[PDB]
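Enquirer: This is the structure I have questions about; it appears just below.
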Amino acid sequence: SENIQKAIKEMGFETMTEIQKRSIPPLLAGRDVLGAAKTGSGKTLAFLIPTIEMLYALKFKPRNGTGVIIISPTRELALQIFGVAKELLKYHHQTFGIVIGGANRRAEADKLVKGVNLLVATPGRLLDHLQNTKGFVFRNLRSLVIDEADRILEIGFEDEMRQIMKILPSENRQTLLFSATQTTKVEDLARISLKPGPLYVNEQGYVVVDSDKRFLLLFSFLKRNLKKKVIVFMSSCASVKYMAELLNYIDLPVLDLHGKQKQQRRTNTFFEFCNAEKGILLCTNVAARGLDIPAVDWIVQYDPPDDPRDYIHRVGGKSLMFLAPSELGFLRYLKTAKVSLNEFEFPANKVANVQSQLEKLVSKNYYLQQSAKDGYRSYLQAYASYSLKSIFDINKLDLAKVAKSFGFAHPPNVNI
Amino acid sequence: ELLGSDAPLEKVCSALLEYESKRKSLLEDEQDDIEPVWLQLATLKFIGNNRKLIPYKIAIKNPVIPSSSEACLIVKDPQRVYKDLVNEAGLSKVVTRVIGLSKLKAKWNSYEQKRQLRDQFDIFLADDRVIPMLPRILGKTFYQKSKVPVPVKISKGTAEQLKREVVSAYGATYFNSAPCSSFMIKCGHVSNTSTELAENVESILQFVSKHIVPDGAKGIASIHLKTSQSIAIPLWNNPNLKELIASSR
Amino acid sequence: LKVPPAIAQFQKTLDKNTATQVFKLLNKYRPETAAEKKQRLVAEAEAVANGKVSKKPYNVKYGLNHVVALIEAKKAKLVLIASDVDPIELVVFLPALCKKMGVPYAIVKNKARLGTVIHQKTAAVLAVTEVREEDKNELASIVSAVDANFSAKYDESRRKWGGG
């Protein structure tokens, strides 16, 4: 429809990528597709445009309930997809929503009973709502989308995914599956979920810094390297938004791949950063997943990555890792991966002692305090959803020190 | 020529560059700090009646303070007017913080607070009318850890004067007068080459013989060139120092 | 008679010297009187009636519901509990709530003295939440004194049944 096109051209998207060649046309006919693409291929548009067409085709309304369920393994990936679906449904009337782990479950129940046509869910939270939440209308389910199926299986949601398929209706329902790698578990899940006869588609540096000094070391490092190119990887978009806002508030102009959750602005910001010889850009791992890394003097891993296997291949100018002492177990995993590494040493004298002033600035401003809480809460929730539970254990993490890095005198009250 | 009717410069200063270079023998935070050049001066008679807690604005053409060093400006009340003037002069990247005298006296009272403020900047500049107060308020935590506020005259309060004064303040070496017969003056670092170092030495010597030594260069006993750990190579010796002291006393 | 430890703790109050120093800081942060508030508001009224943006005010926090909510929010730096509240169960939990929230607290004498700071006849509890930058060291020294003269002192005595 024209509303789809008017929304698409708003994002500045022209032509159409290679993976969508064997997915978008056949999927528009309502046939099950077994997609398989690498990272950054643009699958977000692949399983959203045809499904949004099908919402418009059936004239779905909130009284009808959920029609499309999209499953993502992590909070950040689900939130990124939800942000894209919001952009695609800009000129629509079909309600959209997201349910994720660690979020306000009571608030999600109030939103689900009202009627969310396009639901982006996580395997852990969706099973909780599908079994307990009352008034959640999903008998009219028509499309099911699974993204990064292998990631879901490795996380440990095999049991949760099995109950989802047994609970959700299977008749006259389109189903999808996307996986970078095809394993035995991925194939087994496809056989029990996808319809028969589908259309198949086909050197490291680290700094051992405590949590309370994580930002102070980062800020001092960026002041020193103001005459270079810096790109920093974070664990969340909310963490990206807050640090970018805070750094601009302390006379350290930076750029972020967040903007206003506008896809066109992120591409514009990245294009400007690549063109500029000097500058600093902040982004999360998922936003930079599959993108083209320009000639950058420094790459900084401010927060530990949620996909260590993908990160160790992406790295292969200089690499930096902000590793907490409680996360020193990641060093042993690096040896098992057979990657050379060196330890960076910094003097405590040179670190900026602006923590007292940082807390005063955050407490005085409403929007800085609001952003700081959102960044702190999202960082903790992303931490609790890490694949490496043994290495990045949230319980071992000191919450008092962490909140100090965000500009908090005391740890704010965030749940999980 | 002024000091002893002779100019034994250039050769000694150029040789000192190779002398320290021969004595050369992973970390994250790095800086362009270089070992300072210490110009030792000995005077036949004491040059200070009492401890003077102000630096000497020895104008120089090769600055010893790099432009990357942060600056802190201390002004009289109100601080808002001078804060606006600093911003309008384009000195935001240089003069990072402007502190009114009343605010400096009150909001920085603890020794730890004074030390934190001291370590937050590389050079301190103060209004000439508020310089006599800084002996108090700032205390020993400032005047002993090589942090002596600079008496910058901003009385009329205009942008062009601020730019000229700061540039003059940055492009100058300073020395705190103390009651003794020997002292050291910062002439530069290894980054400055031999000819620029020689120019700094002669300019300092002219200033020292003018407004520091009461009897001029004739009262200079000896002078040597030194670094942090180098030998004090004798730049020049007075041919008549021994008899001058005997006759004077 | 024999009294429980939660009521016995109110007989061990802050010493005269520390209490006198505490009220020197409190008297800098008294709330403005009903008259001073009216004068400030009418002054801004004339600037509006004829023709024409401030800082956050600074004062000591008072009120039992208000202060308990500030302790639970960890917003209070110093909590001063009256020693003679007529129903004792009004403040009998405050030392325990302040211990749980890590709030430096003291039991001071003469609830009337607390009320005088706030221009009231009587106050059950006063709380200093956040003071000006000039008084950061004065409040910090008081909190250290309350730690030694009230928390380090007694403590073992507050867990014993008093009286008898």
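If you're wondering about the labels, chains in the structure tokens are A, B, ... by order shown, residues count from 1 in each chain, ligands from 1 in order shown.
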Identify all chain B residues at most 12 Å from chain C by counting only C-alpha atoms; ligands do not count. Present them as a list in words.

Expert: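 Going by the stated atoms only, the list reads residues 102, 103, 104, 105, 106, 107, 108, 109, 110, 111, 112 and 113 of chain B.
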
Enquirer: Please produce an output containing N, CA, C and O atoms for each residue in the selection, written as a PDB file, in the first residue's frame.

Expert:
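This is the output file again-v2.pdb:
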```
ATOM      1  N   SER B 102      34.597  35.272  46.621  1.00  0.00           N
ATOM      2  CA  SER B 102      33.750  34.809  47.714  1.00  0.00           C
ATOM      3  C   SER B 102      33.436  33.327  47.576  1.00  0.00           C
ATOM      4  O   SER B 102      33.447  32.586  48.565  1.00  0.00           O
ATOM      5  N   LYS B 103      33.153  32.875  46.354  1.00  0.00           N
ATOM      6  CA  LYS B 103      32.880  31.459  46.133  1.00  0.00           C
ATOM      7  C   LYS B 103      34.120  30.610  46.377  1.00  0.00           C
ATOM      8  O   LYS B 103      34.024  29.505  46.922  1.00  0.00           O
ATOM      9  N   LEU B 104      35.293  31.103  45.975  1.00  0.00           N
ATOM     10  CA  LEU B 104      36.525  30.365  46.228  1.00  0.00           C
ATOM     11  C   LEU B 104      36.800  30.252  47.720  1.00  0.00           C
ATOM     12  O   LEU B 104      37.274  29.216  48.198  1.00  0.00           O
ATOM     13  N   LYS B 105      36.520  31.319  48.472  1.00  0.00           N
ATOM     14  CA  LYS B 105      36.755  31.294  49.911  1.00  0.00           C
ATOM     15  C   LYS B 105      35.815  30.323  50.612  1.00  0.00           C
ATOM     16  O   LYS B 105      36.222  29.625  51.547  1.00  0.00           O
ATOM     17  N   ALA B 106      34.559  30.261  50.175  1.00  0.00           N
ATOM     18  CA  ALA B 106      33.536  29.487  50.872  1.00  0.00           C
ATOM     19  C   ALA B 106      33.461  28.046  50.377  1.00  0.00           C
ATOM     20  O   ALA B 106      33.623  27.105  51.159  1.00  0.00           O
ATOM     21  N   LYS B 107      33.219  27.858  49.080  1.00  0.00           N
ATOM     22  CA  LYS B 107      32.963  26.524  48.551  1.00  0.00           C
ATOM     23  C   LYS B 107      34.202  25.637  48.527  1.00  0.00           C
ATOM     24  O   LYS B 107      34.069  24.435  48.276  1.00  0.00           O
ATOM     25  N   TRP B 108      35.388  26.184  48.773  1.00  0.00           N
ATOM     26  CA  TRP B 108      36.624  25.406  48.852  1.00  0.00           C
ATOM     27  C   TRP B 108      37.289  25.735  50.183  1.00  0.00           C
ATOM     28  O   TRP B 108      38.155  26.609  50.256  1.00  0.00           O
ATOM     29  N   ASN B 109      36.890  25.025  51.233  1.00  0.00           N
ATOM     30  CA  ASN B 109      37.410  25.261  52.574  1.00  0.00           C
ATOM     31  C   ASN B 109      38.240  24.110  53.113  1.00  0.00           C
ATOM     32  O   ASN B 109      39.203  24.345  53.842  1.00  0.00           O
ATOM     33  N   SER B 110      37.894  22.872  52.782  1.00  0.00           N
ATOM     34  CA  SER B 110      38.671  21.738  53.252  1.00  0.00           C
ATOM     35  C   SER B 110      40.010  21.667  52.530  1.00  0.00           C
ATOM     36  O   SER B 110      40.161  22.148  51.405  1.00  0.00           O
ATOM     37  N   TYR B 111      40.995  21.069  53.198  1.00  0.00           N
ATOM     38  CA  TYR B 111      42.279  20.837  52.549  1.00  0.00           C
ATOM     39  C   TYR B 111      42.135  19.857  51.396  1.00  0.00           C
ATOM     40  O   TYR B 111      42.772  20.020  50.349  1.00  0.00           O
ATOM     41  N   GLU B 112      41.305  18.826  51.566  1.00  0.00           N
ATOM     42  CA  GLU B 112      41.040  17.912  50.461  1.00  0.00           C
ATOM     43  C   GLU B 112      40.330  18.627  49.321  1.00  0.00           C
ATOM     44  O   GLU B 112      40.621  18.379  48.145  1.00  0.00           O
ATOM     45  N   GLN B 113      39.390  19.517  49.645  1.00  0.00           N
ATOM     46  CA  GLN B 113      38.741  20.309  48.608  1.00  0.00           C
ATOM     47  C   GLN B 113      39.744  21.205  47.895  1.00  0.00           C
ATOM     48  O   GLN B 113      39.703  21.338  46.667  1.00  0.00           O
TER      49      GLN B 113
END
```

Enquirer: With only C-alpha atoms as the counted atoms, please give the residues lying no more than 8 Å from residue 143 (chain C), apart from itself and same-chain residues fewer than 4 positions off, as a list in words.

Expert: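 Using only C-alpha atoms, the neighbours found are residues 78, 104, 139 and 147 of chain C.
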
Enquirer: With a cut-off of 10 Å and counting only C-alpha atoms, select all residues of chain A in contact with chain C and give the selection as a PyMOL selection string.

Expert: chain A and resi 364+409-413

Enquirer: Next, dump the selected residues to file, keeping only N, CA and C atoms, as a PDB file, in the first residue's frame.

Expert:
```pdb
ATOM      1  N   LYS A 364      20.528  17.709  39.641  1.00  0.00           N
ATOM      2  CA  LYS A 364      19.890  19.000  39.417  1.00  0.00           C
ATOM      3  C   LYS A 364      18.988  18.998  38.187  1.00  0.00           C
ATOM      4  N   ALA A 409      24.541   8.950  43.618  1.00  0.00           N
ATOM      5  CA  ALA A 409      25.083   8.782  44.960  1.00  0.00           C
ATOM      6  C   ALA A 409      24.728   7.414  45.526  1.00  0.00           C
ATOM      7  N   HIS A 410      23.502   6.959  45.290  1.00  0.00           N
ATOM      8  CA  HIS A 410      23.027   5.662  45.737  1.00  0.00           C
ATOM      9  C   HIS A 410      22.418   4.908  44.567  1.00  0.00           C
ATOM     10  N   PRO A 411      22.471   3.580  44.591  1.00  0.00           N
ATOM     11  CA  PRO A 411      21.884   2.791  43.508  1.00  0.00           C
ATOM     12  C   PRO A 411      20.387   3.012  43.421  1.00  0.00           C
ATOM     13  N   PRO A 412      19.883   3.431  42.265  1.00  0.00           N
ATOM     14  CA  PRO A 412      18.439   3.621  42.117  1.00  0.00           C
ATOM     15  C   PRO A 412      17.702   2.297  42.203  1.00  0.00           C
ATOM     16  N   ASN A 413      16.405   2.395  42.467  1.00  0.00           N
ATOM     17  CA  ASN A 413      15.566   1.212  42.636  1.00  0.00           C
ATOM     18  C   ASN A 413      15.109   0.736  41.265  1.00  0.00           C
TER      19      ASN A 413
END
```

Enquirer: Go through chain B and flag each residue having an atom no more than 7 Å from chain A; for those, report the closest pair of atoms plus their distance in Å to one decimal, using only C-alpha atoms, ordered by chain and rising number, as CSV.

Expert:
```
residue,atom,partner,partner_atom,distance
B:26,CA,A:344,CA,6.5
B:27,CA,A:345,CA,4.5
B:28,CA,A:346,CA,5.1
B:29,CA,A:346,CA,5.7
```

Enquirer: My list of candidates is A:270, A:56, A:157, A:206. Which is closest to residue 299 (chain A) when distances are computed with only C-alpha atoms?

Expert: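 Distance minimum relative to residue 299 (chain A) lands on A:206.
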
Enquirer: In region 33-226 of chain B, what's helix (DSSP H, G or I) per DSSP? Answer as an mmCIF file with C-alpha atoms, in the first residue's frame?

Expert:
```cif
data_model
loop_
_atom_site.group_PDB
_atom_site.id
_atom_site.type_symbol
_atom_site.label_atom_id
_atom_site.label_comp_id
_atom_site.auth_asym_id
_atom_site.auth_seq_id
_atom_site.Cartn_x
_atom_site.Cartn_y
_atom_site.Cartn_z
ATOM 1 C CA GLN B 79 31.715 35.911 38.797
ATOM 2 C CA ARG B 80 28.925 35.991 36.196
ATOM 3 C CA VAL B 81 30.189 39.145 34.471
ATOM 4 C CA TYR B 82 33.707 37.768 34.065
ATOM 5 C CA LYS B 83 32.307 34.366 33.076
ATOM 6 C CA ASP B 84 30.464 36.022 30.187
ATOM 7 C CA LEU B 85 33.595 37.939 29.168
ATOM 8 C CA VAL B 86 35.707 34.766 29.084
ATOM 9 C CA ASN B 87 33.155 33.012 26.869
ATOM 10 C CA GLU B 88 32.856 35.998 24.521
ATOM 11 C CA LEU B 101 36.650 35.272 45.290
ATOM 12 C CA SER B 102 33.750 34.809 47.714
ATOM 13 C CA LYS B 103 32.880 31.459 46.133
ATOM 14 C CA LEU B 104 36.525 30.365 46.228
ATOM 15 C CA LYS B 105 36.755 31.294 49.911
ATOM 16 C CA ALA B 106 33.536 29.487 50.872
ATOM 17 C CA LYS B 107 32.963 26.524 48.551
ATOM 18 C CA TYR B 111 42.279 20.837 52.549
ATOM 19 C CA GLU B 112 41.040 17.912 50.461
ATOM 20 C CA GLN B 113 38.741 20.309 48.608
ATOM 21 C CA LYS B 114 41.673 22.665 48.027
ATOM 22 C CA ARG B 115 43.810 19.760 46.815
ATOM 23 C CA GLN B 116 41.058 18.550 44.474
ATOM 24 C CA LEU B 117 40.765 22.044 42.999
ATOM 25 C CA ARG B 118 44.556 22.237 42.714
ATOM 26 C CA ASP B 119 44.747 18.970 40.760
ATOM 27 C CA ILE B 131 46.020 38.184 44.465
ATOM 28 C CA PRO B 132 46.897 39.343 48.035
ATOM 29 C CA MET B 133 44.053 37.253 49.496
ATOM 30 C CA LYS B 140 50.130 25.728 51.873
ATOM 31 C CA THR B 141 48.437 23.107 49.675
ATOM 32 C CA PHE B 142 48.863 25.525 46.737
ATOM 33 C CA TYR B 143 52.084 27.487 47.294
ATOM 34 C CA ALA B 159 37.569 40.629 25.774
ATOM 35 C CA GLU B 160 40.681 41.839 23.939
ATOM 36 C CA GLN B 161 42.524 42.482 27.208
ATOM 37 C CA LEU B 162 41.574 38.988 28.393
ATOM 38 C CA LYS B 163 42.981 37.429 25.222
ATOM 39 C CA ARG B 164 46.172 39.498 25.412
ATOM 40 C CA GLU B 165 46.660 38.832 29.131
ATOM 41 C CA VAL B 166 46.119 35.068 28.862
ATOM 42 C CA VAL B 167 48.429 34.808 25.845
ATOM 43 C CA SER B 168 50.977 36.890 27.749
ATOM 44 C CA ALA B 169 50.391 34.738 30.834
ATOM 45 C CA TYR B 170 50.833 31.491 28.894
ATOM 46 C CA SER B 194 68.924 25.046 21.259
ATOM 47 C CA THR B 195 68.456 28.469 19.654
ATOM 48 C CA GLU B 196 65.049 29.000 21.275
ATOM 49 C CA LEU B 197 66.485 27.846 24.609
ATOM 50 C CA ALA B 198 69.352 30.331 24.265
ATOM 51 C CA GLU B 199 66.881 33.134 23.526
ATOM 52 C CA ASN B 200 64.926 32.213 26.659
ATOM 53 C CA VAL B 201 68.096 32.309 28.770
ATOM 54 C CA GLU B 202 69.202 35.782 27.670
ATOM 55 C CA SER B 203 65.700 37.246 28.006
ATOM 56 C CA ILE B 204 65.419 35.847 31.537
ATOM 57 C CA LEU B 205 68.892 37.157 32.395
ATOM 58 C CA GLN B 206 67.938 40.664 31.267
ATOM 59 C CA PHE B 207 64.735 40.501 33.321
ATOM 60 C CA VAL B 208 66.591 39.086 36.331
ATOM 61 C CA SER B 209 69.285 41.772 36.197
ATOM 62 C CA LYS B 210 66.598 44.474 35.885
ATOM 63 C CA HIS B 211 63.796 43.816 38.386
ATOM 64 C CA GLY B 216 72.086 44.361 38.222
ATOM 65 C CA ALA B 217 74.165 41.710 36.499
ATOM 66 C CA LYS B 218 77.300 42.930 38.304
ATOM 67 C CA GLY B 219 76.016 41.210 41.453
#
```

Enquirer: Quick one: pick out all strand (DSSP E or B) residues within region 98-205 of chain A from a backbone DSSP run and write them as a VMD selection string.

Expert: chain A and resid 98 to 99 118 to 121 143 to 146 174 to 178 199 to 200 205

Enquirer: Leaving out region 152-162 of chain C and any residue of its chain fewer than 5 positions from it, which residues lie within 7 Å of it when counting only C-alpha atoms, given as a list in words?

Expert: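 Once the nearby chain positions are removed, what remains is residues 2, 3, 4, 5, 8, 9 and 147 of chain C.
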
Enquirer: Could you tell me how far CA of residue 297 (chain A) lies from CA of residue 272 (chain A), in Å and to one decimal?

Expert: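 Those two atoms sit 16.4 Å apart.
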